[PDB]
Every structure is written in C-alpha cells, then in structure tokens.
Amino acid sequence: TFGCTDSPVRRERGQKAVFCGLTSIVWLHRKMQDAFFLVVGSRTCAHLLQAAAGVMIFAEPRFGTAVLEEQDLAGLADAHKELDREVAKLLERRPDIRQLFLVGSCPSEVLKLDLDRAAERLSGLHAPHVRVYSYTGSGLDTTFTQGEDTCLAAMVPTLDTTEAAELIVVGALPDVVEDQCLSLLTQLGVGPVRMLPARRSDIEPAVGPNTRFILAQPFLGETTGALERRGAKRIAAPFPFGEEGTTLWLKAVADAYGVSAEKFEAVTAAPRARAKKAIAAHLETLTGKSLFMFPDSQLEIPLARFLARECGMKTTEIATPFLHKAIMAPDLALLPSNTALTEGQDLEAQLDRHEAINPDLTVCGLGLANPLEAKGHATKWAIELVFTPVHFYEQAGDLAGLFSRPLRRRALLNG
C-alpha cells in the first residue's frame, strides 16, 4: 500500500491558474545579497512583481523591471541602446550590486529580444566589478519556482573549475535552515560543503568531474542538467521534509561519503526524537484526513509523502506543474499507492474532479482559496510553503503546523 513508481500519471494542459517564473525573484533575491534582478517586460510584469512582493515592495528590494515603451516596439533595435543606458543608470544607483540578472518575460520573448547576447555585452562593458547573466522567467516557458531553476542554471556554466571532491547543496534554502543543514553535515564528517546559490557572488561553489551535489528542492531539473554537463554527479534522495524525509536525505549523503552507521545514528538521534515529538502535537487533528493538492510549486509530491507517512493523511489527487522522473522517484516510491498523480492542469476539469472527491484539506493558490472556502472546503495556501522555513528536523513541527491550522480554525469557528 506504499509505492507509486508504476502509477499512471495524468498529463494535462488547458486553462491554468499558476504563477510565472518571475515570482521566484521575490524570495530568491533575499538569498543572493549581492545580486539584482532586472525583468525586461511589461507593466503587467511589474504589476505582478508588486502583487507578489506585497509589503516587501517598500523595502527598496534588489529587483525591478525595465518596462517596454511603445517606442521600443517600433521595429527598432536598439533596443540594445535603451537597455544599456537603462542598465548603467541602475548600476550607478547601486554600486554595491555585483551580479545582475536580465530576466526574460513573455513580452521580451515575443519581441525576439536577445537578452542572452545582452548579458554577454554588458559583462564586457562592466567587468570586473559587475557580472551579468540572462535567464528566462516568462509565463511562456516557466512556472513559479521553475524560475529559481533557470536562474541557477544560467550561473552553472560560469562557475570556477576545480578537481576537488566537494558537496554542493542546491536550492535556495532559508538562512536558518541552511545553517542546520551545514551543522548536521559537518557533524557527520562531510568535508567541505557549499550552497548554490551562495550568500554572495564571490563565494559561489566551484564544479568539476569530482563534485557531488544533492538537491534540497525538487524543482531543479535544468540546474541538474547544467551541473551534470560539467561532470558533477547527483546524489538521489527523497526531499528533506519531516523526520523521515530529513533522515533519508542525510542518509543518502552519509552513504555517499562512507560515514558509519554507528556515527549516523549518533549524530541524528536527538534531532529526530525532537522532530517526531513536535509532529505528534498535530496528529490528532491531521490523522485520517483526506488531502488534495493543486499544482503550484513542484513541492506537492514530497509534502504529500510527508503528510501521508508522518501525519496519517489519506491522499487523493496530488498535482504538480512538472514531474521529473528521476529526481522524484525516491519520493514516489514512498507515496501511498492509491494516489492519483497529475502533471500540469486543466483548471475547469480539475475543479470538477475536486468537487467530486470532496477532500478534507486542499492546497491551492489565492486565485482559488476563498472561492473554495465559500463552497465549504477548507484550504491551505500553497505559496507560504516556498518561503517559510519548512525543511529538516527543527522545522518539521512548524511544517505540520501549517496544515493542521486551517482545519483547527474551521473547527474552532463552528460552536
């Protein structure tokens, strides 16, 4: 009754209620202290960045957009002249920025604007102080967190060479989570480990034929391709959510490094007891309850695994924007074999399926959330899961807390 390896996954595409890759910038930039993200696109794109950023917008964030004017549509490069004085104006604001991302959008892509080549040129014109990259963030080729991926992938080709045997943890983890990760992996004896992205441009990891990397986040296909292209080799692991997930994750690394079981169990015992006890606080309210997840982030499958195995949740339909066969296989092997899997979305179709299942708890974005509450279904807003500390041992309680709460509230509000 556990294992969805040979489960038929539903490939589906129609009306979609999801974010574009641009939104990644909102939380991504916080991590990369040294960098600036300049969207080349619409007022629509600025309008989006503003909406997703919420209160952050007033804290002079290290992002913004160059919005296309009518005169830039008129079939006239440059184009490249505009963007250039627009960049110099930005970098002068602003001398502290050391990495600049030219982030492609639907409008910038439909007008076939060569932002790749722009990155190339502007790096030429602003070396060595500031380095400039190009990646796509459009609705056209990208969903929400897929934007983190395309960002890091653009970086991979230009990372230094090394023949050193080192570990890279990939995926922008929140600052406290990253610390706990480094600590645990030090304590096991895992020799030099580096995050990607790094906290500052000048301490990025090197890659080479002897590099190992493990993914901390599921949505990193392209970065994985790019890393593999430079000779670096992945460690397969289920994703570090909950007590089981975190142990399986650390274990795959221990094993890759030949850390003894005597030592693994020693380093890992207390943080595990801690986590397991934190989770039981929510088991009353969570257990036996049926779950439904609309696609948003690619985090749904692993979290569905966390809620089934560690919170006694009954699984329903669990959808994801993208399902990467090899990366997700460890987590799929642990999913309850009743689970209906979907990759993509036909929104009206998927809502008919939803109303039919009548699930106890539904993960979705704010487009759907209240409309559904009105229909009588409790909902948990998906996007919180991408920026809240949720990974590893210490946040395992907090994680379950995120799903128990809307159900506890629902109860509390009916006397």
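If you superpose the two forms and keep the largest set of C-alpha atoms that fall within 1.5 Å, you have the rigid core. The numbering used is simple: start at 1 and walk along the sequence shown.
K.L.:
After fitting on the rigid core, which stretch moves more in 5 other deposited structures of this protein, 226-234 or 85-93, going by C-alpha RMS?
P.N.:
More C-alpha displacement in 5 other deposited structures of this protein shows up in 85-93.
K.L.:
Any chance you could tell me whether 193-201 or 72-80 drifts more in 5 other deposited structures of this protein, judged by RMS CA distance from this form after superposing on the core?
P.N.:
With the rigid core fitted, 72-80 is the stretch that strays more in 5 other deposited structures of this protein.
K.L.:
Check the entry's C-alpha temperature factors for 76-84 and 335-343, then say which stretch has the higher mean.
P.N.:
Of 335-343 and 76-84, the stretch with the higher C-alpha B-factor average is 76-84.
K.L.:
Should the higher mean CA B-factor in the entry be assigned to 114-122 or to 201-209?
P.N.:
The entry gives the higher C-alpha B-factor average to 114-122.
K.L.:
With respect to the C-alpha temperature factors reported in the PDB entry, which of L100, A226, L303, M195 ranks highest?
P.N.:
Highest CA B-factor of the listed options: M195.
K.L.:
Considering every modelled residue of the chain and its Cα B-factor in the PDB entry, is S260 in the lowest, middle or highest third?
P.N.:
Its C-alpha B-factor, which the entry lists for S260, ranks in the highest third among residues of this chain.
K.L.:
Within this chain's modelled residues, let me know which third the CA B factor of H282 belongs to: lowest, middle or highest.
P.N.:
For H282, whose C-alpha B-factor we compare with every modelled residue in the chain, the answer is the highest third.
K.L.:
Could you say whether, by C-alpha temperature factor, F58 belongs to the lowest, middle or highest third of its chain?
P.N.:
CA B-factor rank for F58: middle third.
K.L.:
So where's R93 on the chain's Cα temperature factor ranking, which third?
P.N.:
Its C-alpha B-factor, which the entry lists for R93, ranks in the highest third among residues of this chain.
K.L.:
What third of the chain does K380 rank in for C-alpha temperature factor, lowest, middle or highest?
P.N.:
For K380, whose C-alpha B-factor we compare with every modelled residue in the chain, the answer is the highest third.
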